[PDB]
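Take a look at the structure below.
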Amino acid sequence: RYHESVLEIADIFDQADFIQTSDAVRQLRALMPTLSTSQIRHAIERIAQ
Amino acid sequence: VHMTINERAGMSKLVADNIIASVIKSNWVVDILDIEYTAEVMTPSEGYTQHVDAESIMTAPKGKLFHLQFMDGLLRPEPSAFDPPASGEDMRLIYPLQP
Amino acid sequence: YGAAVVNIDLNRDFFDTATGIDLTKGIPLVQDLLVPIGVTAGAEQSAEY
Amino acid sequence: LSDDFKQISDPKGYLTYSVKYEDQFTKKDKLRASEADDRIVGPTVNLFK
Amino acid sequence: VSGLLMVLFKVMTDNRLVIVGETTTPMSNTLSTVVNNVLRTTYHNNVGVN
């Protein structure tokens with residue numbers, strides 16, 4: 001009977017200075033395949049490229 | 001039968017063809033959730049540039065992006081009153097699951 | 001007059017191939033970021049999106 | 001101080017499966033799946049064809 | 001009998017010490033879930049049979 005859902009940190013924190021992002025990026029990481037550390041290094045090296 | 005296929009992998013070519021024939025001969029509705037695709041929306045006057053066998057849809061690799069095309073037949077003018085009647089029937093198989 | 005459809009796409013002129021981004025299929029697609037290691041990536045991977 | 005260890009990379013077992021097929025039902029043709037799932041599952045489905 | 005002996009000898013003298021070989025790490029989305037539940041990040045290219 002639970003409803004799983006994302007909750008922005010901003011909706012529970014009044015200190016706006018320490019809240020840089022939102023639900024969007026987690027929603028983005030949901031698309032992302034589980035990443036090996038080697039694959040992460042490959043992403044970083046490629047973006048750098 | 002509204003058959004849903006979550007994982008095409010492992011499926012025999014025989015069972016795939018048989019399910020397709022079941023869709024035709026027995027009016028099965030086969031949702032296949034495992035395809036990722038990128039629709040292009042064609043105008044009626046540019047036709048369907050790309051043709052696709054059911055066989056390719058059934059044996060597409062799991063990670064590859066398919067590229068389906070779809071008509072918007074809204075801009076298709078009425079037939080002339082004296083165009084000969086069409087005894088045959090235009091058919092269709094593939095459809096989107098979501099808008 | 002006679003415009004069959006007016007879609008809103010990512011501006012390909014902005015998101016150039018300088019940024020590694022094809023947009024021709026209607027979505028951004030980058031060639032070598034999230035990739036299997038030890039094997040060639042393959043064509044038209046959905047991960048590219 | 002000692003050459004204690006030979007250093008193989010992808011080690012062979014002391015045992016293996018070995019298979020006799022009945023040619024009358026065997027299809028000579030190699031089994032194939034999606035390229036990745038064949039890179040793993042593949043040698044196996046050929047042995048227990 | 002002697003065959004068994006040599007088998008044992010070749011076992012007693014198996015001083016092999018495995019070093020990680022060629023090892024592919026597939027993007028997960030390409031694998032059917034039945035393989036994903038089995039796969040643990042990265043297999044050796046010489047998969048073997050099971």
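Numbering starts fresh at 1 for the residues of each chain in the structure tokens, the chains themselves are lettered A, B, ... in the order given, and ligands are numbered from 1 as they appear.
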
Pick out each residue of chain A that DSSP on the backbone tags as helix (DSSP H, G or I); I need them as a compact mmCIF listing (two decimals) with N, CA and C atoms, in the first residue's frame.
# COMPACT_ATOMS: atom_id res chain seq x y z
N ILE A 9 15.28 17.23 -1.93
CA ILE A 9 15.89 17.63 -0.67
C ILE A 9 15.40 19.02 -0.28
N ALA A 10 15.14 19.85 -1.30
CA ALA A 10 14.67 21.22 -1.10
C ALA A 10 13.31 21.29 -0.41
N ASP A 11 12.50 20.25 -0.57
CA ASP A 11 11.17 20.24 0.03
C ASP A 11 11.26 19.93 1.53
N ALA A 16 18.79 27.01 1.42
CA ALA A 16 18.91 26.91 -0.03
C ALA A 16 20.35 26.87 -0.54
N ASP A 17 21.28 27.36 0.26
CA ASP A 17 22.68 27.42 -0.14
C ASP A 17 23.33 26.04 -0.34
N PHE A 18 22.79 25.02 0.32
CA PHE A 18 23.37 23.67 0.24
C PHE A 18 22.55 22.69 -0.61
N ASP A 23 15.02 16.76 -8.65
CA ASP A 23 14.55 15.42 -8.98
C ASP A 23 15.07 14.97 -10.35
N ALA A 24 15.36 15.97 -11.17
CA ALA A 24 15.68 15.76 -12.57
C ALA A 24 16.84 14.82 -12.74
N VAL A 25 17.91 15.07 -12.01
CA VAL A 25 19.13 14.31 -12.20
C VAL A 25 18.97 12.84 -11.77
N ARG A 26 18.15 12.58 -10.76
CA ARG A 26 17.90 11.18 -10.37
C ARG A 26 17.08 10.49 -11.44
N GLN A 27 16.13 11.25 -11.99
CA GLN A 27 15.30 10.78 -13.08
C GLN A 27 16.16 10.48 -14.31
N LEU A 28 17.29 11.18 -14.40
CA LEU A 28 18.24 10.98 -15.48
C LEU A 28 19.08 9.73 -15.24
N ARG A 29 19.50 9.53 -14.00
CA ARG A 29 20.32 8.39 -13.64
C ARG A 29 19.51 7.09 -13.73
N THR A 37 33.46 0.83 -12.64
CA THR A 37 34.36 1.96 -12.39
C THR A 37 35.20 2.22 -13.63
N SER A 38 35.48 1.15 -14.36
CA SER A 38 36.20 1.24 -15.62
C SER A 38 35.39 1.97 -16.69
N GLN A 39 34.08 1.71 -16.71
CA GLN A 39 33.16 2.43 -17.60
C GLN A 39 33.01 3.90 -17.22
N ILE A 40 33.07 4.19 -15.93
CA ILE A 40 33.03 5.57 -15.46
C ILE A 40 34.28 6.32 -15.92
N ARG A 41 35.43 5.67 -15.77
CA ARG A 41 36.66 6.30 -16.21
C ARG A 41 36.60 6.51 -17.70
N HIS A 42 35.96 5.58 -18.41
CA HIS A 42 35.80 5.74 -19.85
C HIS A 42 34.89 6.91 -20.23
N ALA A 43 33.85 7.15 -19.43
CA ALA A 43 32.96 8.28 -19.69
C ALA A 43 33.69 9.59 -19.46
N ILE A 44 34.45 9.64 -18.38
CA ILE A 44 35.13 10.87 -18.03
C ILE A 44 36.21 11.18 -19.05
N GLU A 45 36.94 10.16 -19.46
CA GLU A 45 37.98 10.35 -20.47
C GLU A 45 37.37 10.77 -21.79
N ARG A 46 36.19 10.24 -22.11
CA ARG A 46 35.56 10.63 -23.37
C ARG A 46 35.00 12.04 -23.37
N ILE A 47 34.36 12.44 -22.28
CA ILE A 47 33.84 13.79 -22.16
C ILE A 47 35.00 14.77 -22.22
N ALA A 48 36.11 14.39 -21.61
CA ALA A 48 37.31 15.20 -21.66
C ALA A 48 37.80 15.27 -23.09

(message) Contacts from chain E to chain C, 10 Å maximum, only C-alpha atoms: show me the residue list as a VMD selection string.
(response) chain E and resid 22 to 30 42 44 to 45

(request) Could you jot down the CA of residue 42 (chain D) to CA of residue 32 (chain E) separation for me, Å, one decimal place? (result) 13.2 Å

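Between CA of residue 37 (chain E) and CA of residue 17 (chain D) lies a distance of 23.9 Å.
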
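With distances restricted to only C-alpha atoms, B:34 is the closest residue to chain E from B:29, B:24, B:34, B:18.
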